[PDB]
Amino acid sequence: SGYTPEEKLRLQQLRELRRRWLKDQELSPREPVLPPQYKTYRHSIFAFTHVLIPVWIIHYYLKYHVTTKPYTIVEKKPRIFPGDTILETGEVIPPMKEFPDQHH
Amino acid sequence: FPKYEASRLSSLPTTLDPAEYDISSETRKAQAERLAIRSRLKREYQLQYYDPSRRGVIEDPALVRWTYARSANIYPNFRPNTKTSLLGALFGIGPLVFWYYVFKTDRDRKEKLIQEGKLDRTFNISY
Amino acid sequence: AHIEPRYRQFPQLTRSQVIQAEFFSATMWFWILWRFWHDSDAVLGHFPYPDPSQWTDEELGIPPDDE
Amino acid sequence: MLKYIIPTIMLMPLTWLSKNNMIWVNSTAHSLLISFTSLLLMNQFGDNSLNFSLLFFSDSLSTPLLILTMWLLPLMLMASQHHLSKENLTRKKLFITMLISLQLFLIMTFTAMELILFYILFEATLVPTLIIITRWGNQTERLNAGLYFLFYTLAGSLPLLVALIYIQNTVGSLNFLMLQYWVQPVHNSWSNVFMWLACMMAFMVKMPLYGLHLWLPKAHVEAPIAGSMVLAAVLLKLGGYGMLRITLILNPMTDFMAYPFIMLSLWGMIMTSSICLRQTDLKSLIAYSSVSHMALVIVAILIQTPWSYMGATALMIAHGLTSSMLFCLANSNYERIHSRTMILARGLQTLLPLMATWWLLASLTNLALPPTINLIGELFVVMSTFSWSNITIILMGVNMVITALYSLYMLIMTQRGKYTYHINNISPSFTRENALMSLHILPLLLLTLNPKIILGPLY
Amino acid sequence: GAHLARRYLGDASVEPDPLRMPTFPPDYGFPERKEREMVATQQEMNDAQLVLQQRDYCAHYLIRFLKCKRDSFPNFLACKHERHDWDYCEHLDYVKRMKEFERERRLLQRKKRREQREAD
Amino acid sequence: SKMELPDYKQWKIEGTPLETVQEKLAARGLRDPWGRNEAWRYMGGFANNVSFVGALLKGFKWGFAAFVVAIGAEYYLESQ
Amino acid sequence: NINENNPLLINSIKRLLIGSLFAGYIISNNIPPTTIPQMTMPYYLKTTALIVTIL
Amino acid sequence: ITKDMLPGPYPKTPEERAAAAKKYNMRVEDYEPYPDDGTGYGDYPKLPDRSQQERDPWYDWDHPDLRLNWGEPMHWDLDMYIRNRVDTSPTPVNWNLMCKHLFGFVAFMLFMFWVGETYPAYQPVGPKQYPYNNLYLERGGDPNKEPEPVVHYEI
Amino acid sequence: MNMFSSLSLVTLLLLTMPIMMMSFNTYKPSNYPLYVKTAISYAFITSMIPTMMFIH
Amino acid sequence: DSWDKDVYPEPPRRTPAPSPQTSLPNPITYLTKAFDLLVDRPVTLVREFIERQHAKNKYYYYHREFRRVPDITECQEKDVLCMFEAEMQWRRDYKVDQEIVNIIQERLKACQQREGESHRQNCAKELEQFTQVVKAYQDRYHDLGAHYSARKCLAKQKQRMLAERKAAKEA
Amino acid sequence: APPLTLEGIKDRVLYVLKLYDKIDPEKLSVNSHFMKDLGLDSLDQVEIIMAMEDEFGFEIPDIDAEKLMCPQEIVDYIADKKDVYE
Amino acid sequence: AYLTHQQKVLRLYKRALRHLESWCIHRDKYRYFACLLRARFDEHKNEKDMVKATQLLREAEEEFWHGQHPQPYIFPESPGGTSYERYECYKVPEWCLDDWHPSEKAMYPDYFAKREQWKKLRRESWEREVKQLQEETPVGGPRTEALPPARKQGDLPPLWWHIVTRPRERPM
Ligand SMILES: CCCCCCCCCCCCO[C@@H]1O[C@H](CO)[C@@H](O[C@H]2O[C@H](CO)[C@@H](O)[C@H](O)[C@H]2O)[C@H](O)[C@H]1O
Ligand SMILES: CCCCCCCCCCCCO[C@@H]1O[C@H](CO)[C@@H](O[C@H]2O[C@H](CO)[C@@H](O)[C@H](O)[C@H]2O)[C@H](O)[C@H]1O
Ligand SMILES: CCCCCCCCCCCCO[C@@H]1O[C@H](CO)[C@@H](O[C@H]2O[C@H](CO)[C@@H](O)[C@H](O)[C@H]2O)[C@H](O)[C@H]1O
Ligand SMILES: CCCCCCCCCCCCO[C@@H]1O[C@H](CO)[C@@H](O[C@H]2O[C@H](CO)[C@@H](O)[C@H](O)[C@H]2O)[C@H](O)[C@H]1O
Ligand SMILES: CCCCCCCCCCCCO[C@@H]1O[C@H](CO)[C@@H](O[C@H]2O[C@H](CO)[C@@H](O)[C@H](O)[C@H]2O)[C@H](O)[C@H]1O
Ligand SMILES: *C(=O)CCCCCCCCCCCCC
């Protein structure tokens with residue numbers, strides 16, 4: 001069932017050529033012939049250029065442009081609980097009424 | 001072993017097709033000349049595909065026939081008959097009349113409700 | 001490189017990779033045992049389930065069948 | 001408008017008096033300068049249009065179309081100068097003259113204040129377009145394509161001429177400002193049914209309307225690249241622009257006269273999107289894509305709501321830049337393999353990486369990826385059609401599914417897969433070709449930042 | 001639970017219908033029922049921005065827990081006692097609803113007896 | 001750098017489930033001629049693998065010991 | 001050729017391993033309550049998930 | 001190509017059937033036009049309706065991705081049968097049986113969901129009770145109407 | 001509000017900077033993958049500050 | 001500040017005072033101080049510099065006032081010169097009314113966010129004001145079509161006024 | 001992966017055959033024809049190719065496999081498919 | 001069918017072994033059942049009546065279809081496998097190097113010097129390859145897709161370029 005002698009011979013001759021071709025794909029020592037052309041400090045300039053400069057720009061943008069227009073930044077108002085003291089007015093929020101203080 | 005029931009989208013495996021087996025000298029003759037046509041077309045292609053001086057596209061007449069057969073050759077071979085007219089009427093006029101009554105009926109209902117005040121449009125001011 | 005392939009043989013291992021795997025496998029079981037000790041309720045039930053058939057008719061205000 | 005008409009005319013002496021080796025450099029440079037000054041048209045007011053004289057006016061509808069028209073002339077020159085390189089010098093100058101004369105008729109068509117002046121210029125564009133297709137097309141079928149283009153248009157235009165003259169006789173004026181104040185309602189009658197049809201059929205053929213679209217796959221395929229760029233980007237929008245203006249004088253009859261044409265469009269787009277799935281010719285696929293998109297414009301114009309007019313205006317501009325870019329992309333392949341068959345050259349992303357990026361960006365805009373102005377227009381039209389009838393969401397939704405399939409099918413078939421082995425002349429993309437692609441996509445994507453200038457008068 | 005087996009595979013005429021319960025007067029069989037007491041005022045729940053589903057009869061314990069949570073930040077393990085107080089209160093609320101279901105069932109049982117005996 | 005493969009004479013089915021297969025085949029009068037090609041999978045560091053129960057209990061020994069040590073510390077920390 | 005000794009591989013999985021152990025506990029104990037957790041039920045409803053998993 | 005090599009009309013005579021088969025690089029025995037029903041096929045050969053996914057992967061196709069050879073007649077529906085689209089390869093389970101089991105599973109699950117909606121599961125618990133006339137004011141009730149009082153008692 | 005709003009936007013802006021650098025030829029493609037990974041790690045840190053304020 | 005508080009109202013702010021019940025340090029407190037020093041301060045100085053430049057070049061711009069012209073009600077039919085002015089006026093008032101509905105919608109959205117879980121009751125005034133303004137806007141401008149005009153608006157009003165007369169006639 | 005070599009491939013091809021109980025490991029050489037020299041049949045050859053697929057982790061199509069009748073042919077086929085040139 | 005009876009039985013053997021291996025999974029269990037399956041094939045090895053042999057093959061195929069694995073094992077790089085055609089996007093034809101800019105070619109002066117020699121070797125051999133094919137092909141074209149070797153010294157096997165210079169299986 002195997003190869004015929006003609007089949008074997010053609011494979012033999014292609015094989016020599018293919019292996020020579022693959023060998024020629026190897027790069028020479030000088031190639032490629034390029035044309036003319038520690039963590040802390042490395043991590044510091046990243047924080048500077050990617051965190052501080054952007055937050056500077058964004059804070060300036062929000063503080064003097066976005067927040068000077070109505071309803072651009074809308075916060076949910078703080079939760080007020082009994083016993084809290086309001087900073088704006090100093091009003092003291094009354095405590096809740098006495099519980100049955102039942103425990104279990 | 002329940003037998004294989006071929007479908008349009010689930011073809012019959014060759015290993016279960018009787019035509020594959022019980023081969024005759026007449027079938028082996030057909031295969032030989034089928035393989036000849038493929039071998040002759042392969043040689044014609046390879047002689048161009050391997051030509052060092054060829055730079056371009058190897059024009060394939062089979063591809064040209066295919067794109068031409070599915071465009072320019074259709075009307076010359078068209079005949080208005082019972083099959084084409086019924087199909088043309090069904091798939092050309094059919095859907096248009098259908099969607100007309102769907103939208104006309106739906107829009108007539110809506111207009112009637114709006115006239116009487118029974119359609120809620122409380123916040124509808126964009127259209 | 002640091003590790004070379006072997007033929008039909010169990011591969012080479014580093015001490016670091018084996019120790020770290022054991023430590024995090026052990027840390028998993030400490031966590032489960034630690035939480036189970038302090039939080040068995042979250043797995044078994046936080047509160048008793050009353051047996052409704054144990055409630056008296058006067059608790060539920062079911063009047064006598066006469067009146 | 002003389003500050004644009006006169007310099008556009010002066011392009012003709014410039015081309016004819018140029019050195020034989022500078023006709024493309026000079027015309028391209030100076031058509032870009034005209035394109036620059038067209039931005040002065042964006043002095044638009046909230047209430048009043050910009051009315052220059054008794055002849056010409058500009059409003060938020062005509063202004064973006066004018067800016068698109070004057071921008072396309074430079075791009076058509078770069079796209080053409082490769083395949084006309086061997087052409088005789090005087091025939092090269094005539095080719096440029098046809099493009100310039102086409103621009104002149106277009107910028108006057110979009111700004112003519114009187115409808116009969118609009119009609120004459122609307123019709124005058126046929127001549128240069130017909131000459132471009134039949135003289136400088138490549139195939140035998142270009143002659144037949146010109147005949148279909150000519151007689152499909154004229155069969156609708158001639159009834160329009162009679163209708164307009166009848167309207168002037170009875171109203172006394174065709175000036176569009178006058179028609180805004182002297183308009184009277186159209187009451188039902190068989191006489192008015194045919195006035196309505198004569199006022200709308202010329203514009204429907206240009207769009208084109210489904211059923212009357214057969215001229216476009218022929219014409220958009222047989223034309224040279226520049227001819228296809230203007231046909232898809234601008235000339236199809238003469239139909240949409242005309243409808244947007246004349247529907248003013250057709251109310252309330254548009255209420256029931258729109259039904260047959262809304263049905264043709266709603267179903268037409270699904271039919272013409274499905275056609276694109278089984279198209280074997282890349283240019284033909286793109287052409288059938290234009291029919292699908294312009295079906296939305298027809299529906300938006302007919303239902304006549306503030307949102308649909310904004311959406312229609314955005315779609316016309318967005319489609320112009322996208323469809324033009326796709327023809328140019330397909331032409332670059334054709335200039336390499338000299339065939340329009342889509343399956344012929346595959347896996348091109350492997351051989352032409354940057355040009356595969358343009359293919360992707362063009363495909364994404366075509367399938368209306370948000371927030372592109374293609375999506376903005378297509379979404380506004382869907383919003384208003386839903387109100388017109390909720391069930392239309394089913395047809396709009398299906399079309400959006402099919403449109404993505406053929407947009408990415410074209411991208412996958414040509415750019416992905418394995419390269420065809422025997423095609424060995426795929427040279428690297430030229431600077432001209434890369435610049436031509438980026439001059440479509442970059443303005444198209446920039447407009448997303450400021451979309452209000454392409455939303456028309458009802459913004 | 002078994003209650004479903006009784007209502008679906010058994011006789012649903014003597015089984016509470018969860019959608020329509022209660023079907024008897026509150027005071028039937030209960031001479032002088034106390035009215036449930038609410039500790040937290042409407043304004044207090046409003047100012048605490050409780051979720052409406054959380055503004056039940058145990059809301060006063062929830063307010064204490066939320067206040068403790070804020071004041072103990074970042075110690076996210078404090079306020080355990082406050083959380084339990086709220087959890088226990090909700091357990092007692094749930095038990096009450098269980099009793100209301102048993103009372104409804106026992107009355108529907110009685111209403112059948114008082115109809116069968118009368119019927120015969 | 002030639003990869004020296006282990007000597008092939010060391011792979012033997014004796015003492016592996018492959019030997020059981022050969023005995024069940026020997027009863028019917030058959031042989032398994034590829035058994036020695038599979039033997040490396042039942043030999044060396046691949047012999048004896050954890051069960052599914054053992055796999056889950058990886059690290060349970062040290063984790064439990066830490067747990068025992070931790071509660072002792074916590075317990076006495078409360079008492080004192 | 002088995003080899004899992006690259007630090008990129010180890011560190012990336014190690015962080016998600018710490019997450020798969022404690023992240024659920026941290027998040028649950030820091031998120032505010034927004035419902036009424038239903039903590040009363042029969043034993044067979046409480047342990048259902050645990051039992052069917054073991055089976 | 002020249003006009004003699006392009007597709008033509010339906011072949012009427014055996015001499016035209018032999019010319020068409022030669023034109024399409026087919027054996028006259030294997031050449032079969034579509035039926036002449038006026039649908040526009042002409043003499044384009046009718047080839048078996050099988051996906052390209054069904055062809056031999058290991059053969060040296062001139063177009064390996066398409067699994068076509070240069071010059072062989074392409075199926076009329078070639079673009080529908082590329083490996084990205086319609087697949088016709090044999091299935092381990094018969095098509096009709098496949099449909100029965102899929103539909104049967106879906107229909108049964110839909111039926112069982114309807115049953116489960118008729119006999120819902122729930123706990124033996126009375127309705128949850130809320131204060132202040134059932135949170136009438138909180139839920140957006142009108143403050144200018146006194147609501148139908150809702151009273152909840154102890155138990 | 002100023003810190004919460006400011007920090008919750010730098011997170012989103014931080015993630016686009018590798019995209020802007022790549023698209024605007026101002027990067028050292030030596031170890032771009034490490035650059036992108038580093039930016040994500042820093043976004044996570046800045047995103048924790050708004051979350052802690054919400055938790056509080 | 002910059003906008004009118006009356007057009008864009010905001011209830012008084014009530015922030016509770018810190019009441020730490022833990023010995024631990026609050027990370028947010030020290031993060032806030034770092035933010036003020038490293039972000040707010042340098043940003044503020046850069047702005048104060050820019051404001052020093054804007055004070056050296058102070059110049060003004062004005063809000064256009066439009067005198068009232070006769071409405072389309074006063075225009076003789078087909079008198080384009082008077083129709084044009086009335087039509088332009090009507091279009092100016094149409095755009096302004098669109099922005100009025102936007103102001104009322106922006107109040108409503110701000111209230112919903114500000115009130116948190118209590119919005120359903122604490123934003124009933126803004127809901128009512130939004131409902132009334134949207135009703136008025138719908139009456140003026142709804143269903144006019146893309147080719148709307150003062151003439152069409154008048155016809156819509158007259159049709160509405162006629163129905164109101166008839167309904168009263170029933171009473 | 002660690003690159004293959006012609007000597008590397010040959011060693012493993014012979015390694016597998018030496019673990020096949022129907023081949024004498026002393027009469028075996030890279031040139032031994034499976035039928036003529038080693039006395040195997042075709043059913044055996046299918047198993048040998050199946051064992052080389054498992055060994056090197058890739059499939060050899062049946063049309064190719066049936067023609068590999070000596071260990072050298074298997075070595076040559078594998079090196080060709082894996083671009084091994086040494 | 002162009003496969004002999006032998007090739008069909010041998011193919012069925014391998015296919016059934018692979019599907020058996022997918023069911024068994026464990027190597028020892030597979031070895032046990034692979035030998036029972038081999039015994040079944042050996043039981044009719046000498047069947048002489050071609051008619052009875054063909055019927056045996058027909059039944060075996062019917063049995064294989066009934067018992068095949070619905071999800072058999074596929075080698076990752078085999079057709080249908082999870083790595084099939086994974087690297088086709090990295091295979092770039094060699095002719096693309098002719099379009100490289102000179103500044104790109106100057107980076108690999110040694111590589112492109114060898115490349116020129118290969119292109120020279122392709123030109124100078126082409127005519128002999130065409131002539132050899134012409135003179136060994138019977139009238140009416142070839143009957144098979146087989147190709148001859150080179151018959152002389154210095155002759156290259158006809159139609160070799162795209163076999164020898166095809167992209168590497170792992171190009172990048
Ligand atoms: C927050 C909780 C932290 C809990 C941390 C608990 C301490 C961490 C323990 C790390 C274990 C390191 O030690 C590791 O243990 C395993 C199991 O015994 C040892 O494995 C042991 O059994 C196997 C087989 O039974 C032998 O092959 C091995 O020689 C033997 O030492 C490893 O050789 C050793 O390296
Ligand atoms: C793509 C093609 C689309 C085709 C669309 C077809 C639209 C058909 C519109 C039909 C309505 C025409 O408008 C209709 O004309 C007739 C004229 O006879 C008018 O009616 C007038 O003539 C009819 C006689 O037939 C009398 O009944 C009536 O007393 C008289 O006033 C109607 O008052 C008017 O409603
Ligand atoms: C090519 C695709 C073909 C698809 C089929 C499309 C069929 C389209 C038929 C055109 C419309 C015909 O039906 C049209 O309905 C509208 C109402 O909506 C009528 O409109 C008129 O009558 C209505 C009441 O009937 C009155 O309010 C008013 O006098 C006027 O609106 C038209 O008199 C009638 O002609
Ligand atoms: C834990 C899982 C929880 C969800 C369980 C859901 C169960 C869903 C069961 C759906 C069963 C539907 O599938 C049903 O099977 C039988 C058996 O083949 C089919 O019946 C078929 O098989 C045999 C022949 O091979 C014959 O009985 C019959 O001639 C044929 O139709 C039914 O036509 C099909 O309707
Ligand atoms: C509207 C934008 C507002 C913010 C504008 C701020 C612009 C500041 C840009 C600085 C440089 C950005 O672009 C890029 O940054 C990274 C990090 O420094 C550098 O990348 C460097 O660090 C990273 C990781 O630390 C390494 O993976 C990489 O090998 C190295 O080159 C690039 O060399 C530089 O080109
Ligand atoms: C009754 O309480 C309604 C609950 C509906 C089904 C819940 C499923 C619980 C199964 C209990 C069996 C015990 C096995 C752990």
# chains A, B, ... in the order shown; residues from 1 in each chain; ligands from 1

call {"tool": "residues_near_ligand", "arguments": {"ligand": "ligand 6", "cutoff": "10 Å", "atoms": "only C-alpha atoms and all ligand atoms", "output": "PDB file with C-alpha atoms, in the first residue's frame"}}
result
ATOM      1  CA  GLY E   1     -45.414  23.460  53.130  1.00  0.00           C
ATOM      2  CA  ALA E   2     -48.232  21.114  54.290  1.00  0.00           C
ATOM      3  CA  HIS E   3     -50.682  23.997  53.965  1.00  0.00           C
ATOM      4  CA  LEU E   4     -50.326  23.850  50.177  1.00  0.00           C
ATOM      5  CA  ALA E   5     -50.986  20.106  50.199  1.00  0.00           C
TER       6      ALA E   5
ATOM      7  CA  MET G  41     -38.578  29.698  57.864  1.00  0.00           C
ATOM      8  CA  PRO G  42     -38.827  25.947  58.473  1.00  0.00           C
ATOM      9  CA  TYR G  43     -35.583  24.029  58.741  1.00  0.00           C
ATOM     10  CA  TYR G  44     -36.167  22.222  55.444  1.00  0.00           C
ATOM     11  CA  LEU G  45     -36.449  25.515  53.553  1.00  0.00           C
ATOM     12  CA  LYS G  46     -33.386  26.978  55.274  1.00  0.00           C
ATOM     13  CA  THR G  47     -31.053  24.115  54.341  1.00  0.00           C
ATOM     14  CA  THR G  48     -32.547  23.243  50.947  1.00  0.00           C
ATOM     15  CA  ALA G  49     -29.691  24.680  48.889  1.00  0.00           C
ATOM     16  CA  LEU G  50     -27.070  23.021  51.072  1.00  0.00           C
ATOM     17  CA  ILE G  51     -28.725  19.603  50.907  1.00  0.00           C
ATOM     18  CA  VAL G  52     -29.430  19.414  47.177  1.00  0.00           C
ATOM     19  CA  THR G  53     -25.853  20.532  46.554  1.00  0.00           C
ATOM     20  CA  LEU G  55     -26.753  15.206  46.878  1.00  0.00           C
TER      21      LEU G  55
ATOM     22  CA  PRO H 120     -48.444  28.902  43.374  1.00  0.00           C
ATOM     23  CA  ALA H 121     -46.189  28.140  46.305  1.00  0.00           C
ATOM     24  CA  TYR H 122     -46.396  30.408  49.341  1.00  0.00           C
ATOM     25  CA  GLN H 123     -45.841  30.380  53.073  1.00  0.00           C
ATOM     26  CA  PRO H 124     -48.538  30.019  55.759  1.00  0.00           C
TER      27      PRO H 124
END

call {"tool": "residues_near_ligand", "arguments": {"ligand": "ligand 3", "cutoff": "7 Å", "atoms": "only C-alpha atoms and all ligand atoms", "output": "list in words"}}
result
residues 93, 96, 97 and 100 of chain B; 188, 255, 256, 257, 259, 260, 261, 263 and 264 of chain D

call {"tool": "write_last_selection", "arguments": {"atoms": "N, CA, C and O atoms", "output": "mmCIF file, in the first residue's frame"}}
result
data_model
loop_
_atom_site.group_PDB
_atom_site.id
_atom_site.type_symbol
_atom_site.label_atom_id
_atom_site.label_comp_id
_atom_site.auth_asym_id
_atom_site.auth_seq_id
_atom_site.Cartn_x
_atom_site.Cartn_y
_atom_site.Cartn_z
ATOM 1 N N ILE B 93 -47.341 41.311 -3.957
ATOM 2 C CA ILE B 93 -48.523 42.023 -3.490
ATOM 3 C C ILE B 93 -48.956 41.532 -2.119
ATOM 4 O O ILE B 93 -49.413 42.321 -1.292
ATOM 5 N N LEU B 96 -47.622 43.376 1.033
ATOM 6 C CA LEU B 96 -47.986 44.787 1.076
ATOM 7 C C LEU B 96 -49.436 44.974 1.499
ATOM 8 O O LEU B 96 -49.739 45.847 2.317
ATOM 9 N N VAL B 97 -50.345 44.163 0.959
ATOM 10 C CA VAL B 97 -51.742 44.243 1.368
ATOM 11 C C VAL B 97 -51.886 43.851 2.830
ATOM 12 O O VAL B 97 -52.697 44.422 3.564
ATOM 13 N N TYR B 100 -50.711 46.650 5.130
ATOM 14 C CA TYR B 100 -51.609 47.791 5.024
ATOM 15 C C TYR B 100 -52.775 47.663 5.992
ATOM 16 O O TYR B 100 -53.073 48.593 6.747
ATOM 17 N N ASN D 188 -60.207 66.345 -0.592
ATOM 18 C CA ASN D 188 -60.261 65.091 -1.329
ATOM 19 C C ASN D 188 -60.950 65.267 -2.673
ATOM 20 O O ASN D 188 -62.005 65.896 -2.778
ATOM 21 N N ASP D 255 -52.213 62.498 4.659
ATOM 22 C CA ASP D 255 -52.682 61.561 5.674
ATOM 23 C C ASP D 255 -52.965 60.187 5.085
ATOM 24 O O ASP D 255 -52.539 59.168 5.632
ATOM 25 N N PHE D 256 -53.708 60.133 3.981
ATOM 26 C CA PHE D 256 -54.059 58.856 3.385
ATOM 27 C C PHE D 256 -53.303 58.541 2.106
ATOM 28 O O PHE D 256 -53.243 57.372 1.723
ATOM 29 N N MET D 257 -52.710 59.532 1.445
ATOM 30 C CA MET D 257 -51.914 59.229 0.266
ATOM 31 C C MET D 257 -50.579 58.596 0.627
ATOM 32 O O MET D 257 -49.957 57.961 -0.228
ATOM 33 N N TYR D 259 -50.105 56.106 2.677
ATOM 34 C CA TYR D 259 -50.196 54.704 3.075
ATOM 35 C C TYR D 259 -49.564 53.759 2.068
ATOM 36 O O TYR D 259 -48.734 52.928 2.472
ATOM 37 N N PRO D 260 -49.886 53.814 0.778
ATOM 38 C CA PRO D 260 -49.247 52.881 -0.159
ATOM 39 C C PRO D 260 -47.737 52.996 -0.182
ATOM 40 O O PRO D 260 -47.054 51.989 -0.393
ATOM 41 N N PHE D 261 -47.194 54.190 0.027
ATOM 42 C CA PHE D 261 -45.758 54.403 -0.051
ATOM 43 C C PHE D 261 -45.048 54.120 1.263
ATOM 44 O O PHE D 261 -43.863 53.775 1.251
ATOM 45 N N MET D 263 -46.092 51.597 3.110
ATOM 46 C CA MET D 263 -46.058 50.143 3.020
ATOM 47 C C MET D 263 -44.926 49.676 2.116
ATOM 48 O O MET D 263 -44.214 48.724 2.448
ATOM 49 N N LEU D 264 -44.755 50.321 0.964
ATOM 50 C CA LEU D 264 -43.665 49.956 0.073
ATOM 51 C C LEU D 264 -42.315 50.142 0.743
ATOM 52 O O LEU D 264 -41.380 49.387 0.472
#

call {"tool": "residues_near_ligand", "arguments": {"ligand": "ligand 4", "cutoff": "8 Å", "atoms": "only C-alpha atoms and all ligand atoms", "output": "ChimeraX atom specification"}}
result
/B:2 /H:97,100-109

call {"tool": "residues_near_ligand", "arguments": {"ligand": "ligand 5", "cutoff": "12 Å", "atoms": "only C-alpha atoms and all ligand atoms", "output": "PyMOL selection string"}}
result
(chain A and resi 38-61) or (chain I and resi 9-10+12-42)

call {"tool": "write_last_selection", "arguments": {"atoms": "C-alpha atoms", "output": "short mmCIF file (atom, residue, chain, number, x, y, z; two decimals), in the first residue's frame"}}
result
data_model
loop_
_atom_site.label_atom_id
_atom_site.label_comp_id
_atom_site.auth_asym_id
_atom_site.auth_seq_id
_atom_site.Cartn_x
_atom_site.Cartn_y
_atom_site.Cartn_z
CA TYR A 38 13.76 52.33 40.46
CA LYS A 39 10.15 51.20 40.85
CA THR A 40 9.23 54.14 43.08
CA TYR A 41 10.25 56.86 40.63
CA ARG A 42 8.71 54.84 37.81
CA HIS A 43 5.48 54.53 39.80
CA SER A 44 5.70 58.19 40.86
CA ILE A 45 5.60 59.66 37.36
CA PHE A 46 2.66 57.38 36.56
CA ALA A 47 0.67 58.68 39.52
CA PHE A 48 1.70 62.21 38.59
CA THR A 49 0.79 62.08 34.90
CA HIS A 50 -2.22 59.74 35.07
CA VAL A 51 -3.84 60.54 38.44
CA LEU A 52 -2.77 64.00 39.60
CA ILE A 53 -2.77 65.96 36.34
CA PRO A 54 -6.15 64.47 35.33
CA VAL A 55 -7.72 65.09 38.74
CA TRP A 56 -6.37 68.63 38.60
CA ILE A 57 -8.10 69.17 35.26
CA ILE A 58 -11.31 67.44 36.33
CA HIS A 59 -11.54 69.31 39.64
CA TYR A 60 -10.97 72.61 37.87
CA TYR A 61 -13.54 71.66 35.25
CA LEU I 9 -14.60 60.77 36.96
CA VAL I 10 -10.82 60.28 37.00
CA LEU I 12 -13.34 56.77 33.82
CA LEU I 13 -10.88 59.30 32.39
CA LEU I 14 -7.91 57.22 33.56
CA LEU I 15 -9.07 54.23 31.54
CA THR I 16 -9.28 56.23 28.32
CA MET I 17 -5.71 57.54 28.52
CA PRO I 18 -4.09 54.35 27.16
CA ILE I 19 -6.63 54.54 24.34
CA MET I 20 -5.74 58.18 23.67
CA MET I 21 -2.00 57.44 23.79
CA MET I 22 -2.31 54.51 21.39
CA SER I 23 -4.55 56.42 18.99
CA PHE I 24 -2.30 59.51 19.20
CA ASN I 25 1.19 57.96 18.84
CA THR I 26 2.61 59.19 22.16
CA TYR I 27 3.40 55.85 23.81
CA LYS I 28 6.41 53.58 24.25
CA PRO I 29 5.04 50.32 22.77
CA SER I 30 7.84 48.49 24.57
CA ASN I 31 5.45 47.18 27.24
CA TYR I 32 2.06 48.60 26.32
CA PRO I 33 0.32 45.60 27.96
CA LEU I 34 1.99 46.52 31.24
CA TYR I 35 0.97 50.14 30.77
CA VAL I 36 -2.67 49.17 30.29
CA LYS I 37 -2.55 46.81 33.27
CA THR I 38 -0.98 49.49 35.46
CA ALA I 39 -3.67 52.01 34.52
CA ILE I 40 -6.40 49.54 35.48
CA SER I 41 -4.78 48.94 38.87
CA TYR I 42 -4.68 52.70 39.50
#

call {"tool": "atom_distance", "arguments": {"atom1": "atom CA of residue L:8", "atom2": "atom CA of residue K:41"}}
result
15.6 Å

call {"tool": "closest_atom_pairs", "arguments": {"of": "chain F", "to": "ligand 1", "cutoff": "6 Å", "atoms": "only C-alpha atoms and all ligand atoms", "output": "JSON lines"}}
result
{"residue": "F:62", "atom": "CA", "partner": "ligand 1", "partner_atom_place_in_ligand_line": "6 (C)", "distance": 4.9}
{"residue": "F:63", "atom": "CA", "partner": "ligand 1", "partner_atom_place_in_ligand_line": "4 (C)", "distance": 5.3}
{"residue": "F:66", "atom": "CA", "partner": "ligand 1", "partner_atom_place_in_ligand_line": "4 (C)", "distance": 5.5}
